Number of protein chains: 2
Amino acid sequence: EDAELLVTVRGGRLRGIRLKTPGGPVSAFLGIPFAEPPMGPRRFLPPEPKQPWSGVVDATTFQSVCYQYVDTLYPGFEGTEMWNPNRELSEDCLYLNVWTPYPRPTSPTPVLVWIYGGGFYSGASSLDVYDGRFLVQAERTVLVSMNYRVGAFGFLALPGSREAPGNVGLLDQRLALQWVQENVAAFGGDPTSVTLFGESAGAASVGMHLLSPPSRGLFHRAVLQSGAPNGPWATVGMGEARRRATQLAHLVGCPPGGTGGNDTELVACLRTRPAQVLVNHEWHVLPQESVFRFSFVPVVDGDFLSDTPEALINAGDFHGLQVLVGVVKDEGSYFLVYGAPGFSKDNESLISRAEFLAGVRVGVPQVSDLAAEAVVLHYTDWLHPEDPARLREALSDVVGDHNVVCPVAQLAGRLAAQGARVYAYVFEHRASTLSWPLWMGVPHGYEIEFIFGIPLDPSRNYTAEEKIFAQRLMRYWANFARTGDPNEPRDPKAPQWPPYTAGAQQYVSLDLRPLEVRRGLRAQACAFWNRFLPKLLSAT
Amino acid sequence: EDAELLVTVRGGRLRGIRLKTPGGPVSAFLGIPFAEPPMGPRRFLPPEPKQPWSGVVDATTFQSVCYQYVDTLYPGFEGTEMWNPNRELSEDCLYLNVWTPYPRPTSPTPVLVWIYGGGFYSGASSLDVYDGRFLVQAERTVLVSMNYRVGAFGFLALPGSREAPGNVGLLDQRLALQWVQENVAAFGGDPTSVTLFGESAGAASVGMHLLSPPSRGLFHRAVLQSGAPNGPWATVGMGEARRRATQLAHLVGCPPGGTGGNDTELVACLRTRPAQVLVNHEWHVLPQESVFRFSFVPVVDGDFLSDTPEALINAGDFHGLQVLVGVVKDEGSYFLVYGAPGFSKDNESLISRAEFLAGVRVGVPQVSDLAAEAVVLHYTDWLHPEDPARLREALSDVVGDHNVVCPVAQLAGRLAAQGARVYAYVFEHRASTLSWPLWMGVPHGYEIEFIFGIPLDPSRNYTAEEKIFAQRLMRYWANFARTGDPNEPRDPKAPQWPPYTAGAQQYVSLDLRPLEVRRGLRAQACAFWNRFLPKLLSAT
Ligand SMILES: C=CC[N+](C)(C)c1ccc(CCC(=O)CCc2ccc([N+](C)(C)CC=C)cc2)cc1
Ligand SMILES: C=CC[N+](C)(C)c1ccc(CCC(=O)CCc2ccc([N+](C)(C)CC=C)cc2)cc1
């Protein structure tokens, strides 16, 4: 018996599986329960730690995906199906995975913890693009990844109530962080060197753990890829969260007329519905037509978040913290085919001026007409106010800057100014195997496959340069996880990655070429969103 | 005796004078009266034509400069005193000048009519920089220039009342245009080919005549240099004009204590005051501290202008009209030493961030703080928001765009779209003899000396290339006067000057290097001034 694949934790024993890589094996422990199944009366409730078990839990395959909406916009299309659940759906989904090098480290080893994105309504740790075998083999860190409840099961909130407090999906992540503290040593991992990293809604989750004291003591570095907690999509107010929860209850027959509708009876009725019935109405509760807006997201209750993320970032002391942040080149192009008029993944999407003006109200919903006019002023090329190709890039910039690029830059500058050491990047390589149309450029989410070393998979058709490029990125991420600085420790030959400051605002472009330093994360555009537009909305 | 210096016109006989140029003599008739002296009871009234005289009026020297404020900011300085009056001040100032080639043309010759600027409060046709001997000698055109009343004597208005109708200085200009119609043939000039050209407030004046039906039938082409009638400084409302005229009257003791307030006594009391007393209180009636704002300007009365210039430009059909418009590279730098904090012509004017924010309220007076916030957003480089040099040029752009470059580009686009053939230029040569500091670049008003061929004066220190350059511009301006087209018209190797259209927005740069087409007269900045900022003021 290979004792490598046999490990004991505080709950009991596990058997793992050995994974092959072109350069050696890794030990994987997939599907470890870290919480009691949040079913029945535990729906919408904070997680309870998994009770200890007799025997040996089989940890050889990924467990079930949490109940979530399944994208059907393009059936059979790799670009969308690669994010859909690849396991059976179940509310019994609170399991985590641990990768560790072979042979198991006799040293303590820094631990990377992955939090998947998906707009807080979708995502799973079992997706092939989150496969940690290549990262662990190449850089010999310990990689953990958890499943957390999404959609209504994770973020439905009747604020101020005990039956559905909200943010329980964030607590699921926190519970897996505490599990890493108490058990990662048994896998050769150093619980004093824990680096969180996530993408999209995962990056917002990482940022919200930076701003939550109870979670703050469970990690020491943080990486936020194409996401931030301060953005306009990542949180929601109590009153609007209550309206959406009530809207979902009404759509599924809760409460049954004409019985009372206080918070206890409302959640009690919600707990009797099959989980799929709730999923089938999740998008019906969004107030207006939009892109980059989701129904059940973290709520600002005063509990998990003392105040708004924006407030906590401003009043926050971040000394002793090192953060890696960044975005992709075209953060907004992916979302345009999900509601922007005139857009289609199967043509050039050379939109008209009327479609551009119509899309601005969908990409920037919930704003006054004067605010929309300011957006149109800032993003119109007035020497070419109706060139379709430029209108397409402009709306992509509108959605991208408003939702990702500027909230990130807002966070990056406020962190470096208030004590934190910050590194910033912009991912500019478009995968040679990318299936989305070329007018999308480098879309949201398509740096992940290079961070996780997927090109090293011999069954895939990446090029030789992309494999070398994937090794550079895993080195950057591992160097940062080990030292807090992505630069190679004793290497002066390598082009160096300067920190990001509030004044210089230096970042690097990541692609096949060597590192290239630039300054300003779209400084002129983000000044409009971060500085002027709030003044335009308050003076109304 | 040379008989070509003796010419008879409708009012009587004249003796002129012969002026020398390096390439041949020119016949000049300086000081022809075209109106009765607007003195005594005729102060503030429209001009009356000059009654016929017996004998020979001497026309060998310039007549008196109209009463006006005299700049004292920098005594002894060539940069300011080149614009100050060079003849005695008098209300008896309605005289015009005619230059004509030697020998006098035998066939009708195109006429250029100059209208000096000076914020409607200053200026004279006798200034050395307006000497027409070189333009008339080099291009054998006929040049006329007139004096018109400035300040209160030309533009004090009690709207509605008959004793201070307002715009009498524009009627002075109109009367000089009727004189050119009735008499320029006696000098060899073609009254069917007359081209107006003015600078600053003269360019605005030229625009007002384009929009005035009684004046429109007196010319066929227009050149507007660094000015337009639609700008924020060239016109004033009726209610504001009444308040400025009433405050001036109070500042000089009108009316006497306890006597009535009706408009006849007000003007009657104003007519008893010495002209210098009215001049000494001119800058005291303005509302706020500001640059590029003047007390007595054309009033929108319903008479000379049936509506505002901005409205008349939109509604008018300009088919059959050719327009030459343009600007200098640094339109706003001159005005900063006249009120912007931290500025001085004798240092580098490296202002601070606080001084930039203060200067914006002086450069854009009486706008909302929200409007000023948008101004600062647009002209701050947020990667270098406090570099003193960038703040200096940014404030120069603020004053230049708001007052000159964007009203001109707006007029140029509307003229071309609505039937007129338009040519646009940017003057980018800084005179080698310029006495203003180097940080001012190419200031307001310093293309005039090259248009008028001043470098050809042997008693100056211009370089050889500047003389060649001045001949190119005189050829440009003269070709446009003859043909309505600044091109040769045939070389065709000479680099051509394409018309300005509302779409392509093509203009050329005028300097020592050959002509060069560019696109967009500050397209992005003028979209903020022309398109966005109005909607911001409407929402308040
Ligand atoms: C690609 C990124 C990968 N990761 C990071 C996981 C990722 C990040 C972010 C997202 C959200 C994408 C959307 O905002 C579509 C939202 C949307 C979906 C469906 C609908 N219907 C209306 C139901 C369909 C009709 C059109 C409307 C809106 C997905 C995946
Ligand atoms: C240079 C161009 C030549 N031309 C075209 C004739 C020309 C065009 C435009 C102007 C206006 C210049 C000003 O706006 C000074 C305005 C000003 C003057 C005096 C004052 N005090 C308060 C009295 C002095 C204190 C500062 C304030 C403001 C001048 C000349």
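For this entry, the PDB record names X-ray crystallography as the structure determination method and reports a resolution of 2.352 Å.

It is worth spelling out the UniProt feature "binding site: galanthamine" in chain A at this point. Residues and elements named next belong to chain A. Taken from the UniProt record, the annotation "binding site: galanthamine" applies to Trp 83, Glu 199, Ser 200 and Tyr 334. Mapped onto the elements, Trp 83 comes out in the loop between α1 (78-81) and β6 (95-101). Residue classification places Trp 83 among the buried positions, given a relative accessible area of 18%. Among all residues touching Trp 83, those that are not within four sequence positions of it are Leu 127, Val 129, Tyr 130, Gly 445, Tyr 446 and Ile 448. Polar side-chain contacts of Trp 83 include one of 3.3 Å to the backbone oxygen of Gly 79. In this fold, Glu 199 is placed in strand β9 (residues 189-199). The residues touching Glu 199, leaving out its near neighbours within four places in the chain, are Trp 114, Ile 115, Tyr 116, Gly 117, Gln 225, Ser 226, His 444, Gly 445, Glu 447 and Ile 448.

Take the interface of chain B and chain A next. Between chain B and chain A, the contact holds 23 residues from the first and 23 residues from the second. Looking only at chain B, the three residues that lose the most surface to chain A are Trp382(B), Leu383(B) and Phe532(B), adding up to 33% of its buried area. Scanning the region where chain B abuts chain A turns up one salt bridge. As a salt-bridge pair, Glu373(A) and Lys535(B) come within 3.7 Å of each other at their nearest N and O atoms. Taken together, the links from chain B to chain A amount to two residue pairs in polar contact. Of all the secondary structure elements, the ones that give two or more residues to the side of chain B that touches chain A are α13 (369-379) and α17 (523-539) of chain B. Here the residues of the side of chain B that touches chain A sort into 12 nonpolar, six polar and five charged.

Quick look at the relation of the copies chain B and chain A now. Note on the copies: chain B fits chain A at an RMSD of 0.3 Å, the axial shift is 0.0 Å, and the rotation between them is 180°. Taken together, the rotation and translation relating the two chain copies correspond to the operation of a two-fold axis. When you check the interface residues of chain B against chain A, 100% turn up at the interface there too, and the contact is symmetric in its surfaces.

To describe a pair of aromatic rings, one takes the distance between the centres and the angle between the planes. Residue and element names in this part refer to chain A. Counted by the stated rule, this structure contains 78 aromatic pairs over all chains. With a centroid separation of 6.2 Å and an interplanar angle of 45°, the aromatic rings of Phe 120 and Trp 233 are classed as tilted. Pair noted here: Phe 120 is in the loop between β7 (109-115) and α2 (133-139) and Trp 233 is in the loop between β10 (221-225) and α7 (238-251), with a separation of 113 residues, a long-range link. As far as burial versus exposure is concerned, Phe 120 and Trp 233 are alike and both buried.

Residue and element names in this part refer to chain A. UniProt marks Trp 83, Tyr 130 and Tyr 334 with the feature "binding site: huperzine A", using the numbering shown here. Residue placement: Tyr 130 occurs in the loop between β7 and α2. A relative accessible area of 3% places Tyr 130 in the buried class. Setting aside residues up to four positions removed in sequence, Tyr 130 forms contacts with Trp 83, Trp 99, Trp 114, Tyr 116, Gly 117, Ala 124, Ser 125, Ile 448 and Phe 452.

In the vicinity of ligand 1, the residues found are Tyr69(A), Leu73(A), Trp83(A), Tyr121(A), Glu199(A), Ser200(A), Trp283(A), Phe294(A), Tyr334(A), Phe335(A), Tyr338(A) and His444(A). The class makeup of the residues in the shell around ligand 1 is nine nonpolar, two polar and one charged.

Of all residues adjacent to ligand 2, which total 13 residues, the nearest are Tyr69(B), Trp83(B), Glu199(B), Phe335(B) and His444(B). Within the complex, 83% of the 680 Å² of free accessible area of ligand 2 lies under protein.

Core analysis: the biggest nonpolar cluster contains 378 residues, and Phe197(A), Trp477(A), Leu510(A), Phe197(B), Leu510(B) and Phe532(B) have the highest contact counts within it. Those residues in contact with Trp477(A), other than ones at most four positions away along the chain, are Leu112(A), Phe197(A), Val223(A), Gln225(A), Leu324(A), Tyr425(A), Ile451(A) and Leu510(A).

Applying the stated criterion across every chain yields a total of six disulfides over all chains. With its sulfur 2.0 Å from that of its partner, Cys254(A) forms a disulfide with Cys269(A). Its S-S torsion of approximately -75° makes the covalent link between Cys254(A) and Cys269(A) left-handed. Linking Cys254(A) in the loop between α7 and α8 (263-270) with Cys269(A) in helix α8, this pair joins segments that are 15 residues apart in sequence. Across the pair, exposure class does not vary: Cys254(A) and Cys269(A) are buried alike. The disulfide that involves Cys66(B) links it to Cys93(B), with 2.0 Å between the sulfurs. With the S-S bond torsion at 95°, the cross-link from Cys66(B) to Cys93(B) turns out right-handed. Here the residue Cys66(B) occupies a position in the loop between β5 (56-58) and α1 (78-81), and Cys93(B) occupies one in the loop between α1 and β6 (95-101), the gap between them amounting to 27 residues. Classification of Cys93(B) by relative accessible area gives buried; the value is 1%.

Rules used throughout
- Residues numbered from 1 in each chain as written, not as in the entry; some residues may be left out.
- Chains lettered and ligands numbered in written order.
- Heavy atoms only, no water.
- UniProt positions renumbered as here; feature names shortened; annotations may be inferred.
- Helix = DSSP H or I, 4+ residues; strand = E, 2+ residues; numbered from the N terminus.
- Buried < 20%, exposed > 50% of the residue type's maximum accessible area, 1.4 Å probe, protein only.
- Contact = heavy atoms within 4.5 Å.
- Polar contact = N/O pair within 3.5 Å; in protein donor to acceptor, adjacent residues only side chain to side chain.
- Buried area = accessible area lost by both parts, 1.4 Å probe.
- Salt bridge = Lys/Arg side-chain N within 4 Å of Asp/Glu carboxyl O.
- Nonpolar A, V, L, I, M, F, W, Y, C, P; charged D, E, K, R; others polar.
- Least-squares fit on C-alpha atoms.
- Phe/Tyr/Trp six-rings, centres within 6.5 Å; stacked < 30°, edge-to-face > 60°.
- Near = heavy atom within 4 Å.
- Areas by Shrake-Rupley, 256 points an atom, 1.4 Å probe, with all protein chains shown as cover.
- Core = buried A, V, L, I, M, F, W, Y, C linked by side-chain atoms within 4.5 Å.
- Disulfide = S-S within 2.5 Å.

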